[PDB]
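Have a look below at one chain only, the form deposited in one PDB entry, in structure tokens format.
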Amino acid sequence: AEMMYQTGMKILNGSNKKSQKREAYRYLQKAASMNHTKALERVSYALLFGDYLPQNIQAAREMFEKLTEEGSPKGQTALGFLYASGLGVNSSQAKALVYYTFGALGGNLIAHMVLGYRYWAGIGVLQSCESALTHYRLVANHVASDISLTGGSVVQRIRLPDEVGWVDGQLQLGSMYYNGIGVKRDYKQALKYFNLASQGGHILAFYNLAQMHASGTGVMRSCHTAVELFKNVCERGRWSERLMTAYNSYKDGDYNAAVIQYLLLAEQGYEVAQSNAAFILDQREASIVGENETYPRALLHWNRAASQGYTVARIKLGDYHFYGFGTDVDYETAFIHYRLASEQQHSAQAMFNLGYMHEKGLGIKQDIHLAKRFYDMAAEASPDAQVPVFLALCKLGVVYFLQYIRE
């Protein structure tokens, strides 16, 4: 049993070949039959995840249960993900949190990020920055330790709705300014030197200002900057490599393993993985979810992707209320999400469709000369709106001219 698990890890760490990785798991899958409690948790996360073992969601649920009855943090975390996403099992947010709490209790780090994110965006619970400070803190300590050892493995951020040294020494200098190395400590001026180190892109500085805005040192402790500084540290763990395992599944034609390897990171609180896990459900390529639970589940992950500051997720939340995707048709509700992507994020399309609801009298009362403003505002915001406003303004004047003739 235990001898079989050693052969798999040797070939996994020794060979990067796809066949050799699958050949290494053959002993690991056989060791799962011997109920070695370390063996299943490496094949549980392949039986339901894919791009490793073949994907079979029903084959992983029942053996997750014995992982829960054993009391495994890696089993308590994932069984909450099944009931949070309604994946192969009837959806229930009521005890989705119960499994995540015991996973967060059990020492798992994924169940702390999700519980922290649920406390931060107010999803499933009350938005409490105090509770969102506690759970996001435990992840940050367990990821800031490993980056200093692993060197900070950077992973590209790929959004499908868009396509388909010098500062390292400044961190130690800013650490000595706040603490005091041969000089009196000054929290008023050490803040500016430490905050400028994070603009270089290194996330070690991102950690140190989060504690600075937590205890109240230097600047007064505000909740909004307490966890938002914490969150970008937590979004770069060893689970940040999991876009690539999901994105390769999308390019390899296995679209149903790019909607399960993305729905975990959508539950983990991303925006690259919350638009993409909804864009795949947008075009109905997924097959585990039914044909009637494809748009309401893609509405949920378009709604979370908008509140985290995405332009397209605020236009595409207007579309789903414009046509009637997953909701009874609401021209008034779709109106607001189109303007909220106009004044805030200055999305060029988002004032063109503002003109259409102004020009054709949808949602609000019609006014011809108010619509002219937003078409004109569209051409100022972008170079690509010069064309599709001009054929819209010509159509606009035809109605104005034809109405004047009838009078």
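Residues that one form lacks are left out of the comparison. Residue numbers run from 1 along the displayed sequence. Under this definition, the rigid core comprises the largest set of C-alpha atoms superposing within 1.5 Å between the forms.
Below, we refer to the form deposited in another entry, which is not included among the displayed structures.
**Q** Taking only shifts of 2 Å or more in Cα after a rigid core superposition between this form and the one not shown, tell me which of 208, 198, 249, 72 qualifies.
**A** The listed residue whose C-alpha shifts by at least 2 Å is 198.
**Q** Taking 2 Å as the cut-off, check whether the CA of residue 183 shifts that much or more between this form and the one not shown after a rigid core fit.
**A** It does shift by 2 Å or more.
**Q** Cα of residue 89 displaced 2 Å or more between this form and the one not shown, core superposed?
**A** No, residue 89 moves less than 2 Å.
**Q** By the 2 angstroms cut-off, has the C-alpha of residue 233 moved between this form and the one not shown once the rigid core is superposed?
**A** Result for residue 233: no, shift under 2 Å.
**Q** Check residue 151 against residue 201 at the C-alpha atoms and report closer or farther in that other deposited form, compared with the shown form; the change is 3 Å or more.
**A** Distance between the C-alphas of residue 151 and residue 201: shorter in that other deposited form, by 3 Å or more.
**Q** In that other deposited form, do the Cα atoms of residue 204 and residue 201 sit closer or farther apart than here, given a shift of 3 Å or more?
**A** Closer together, which means the C-alphas of residue 204 and residue 201 are at least 3 Å nearer in that other deposited form.
**Q** Given a rigid core superposition, which stretches of at least 3 residues have all Cα atoms displaced by 2 Å or more between this form and the one not shown?
**A** Shifted segment: 165-201, the only one.
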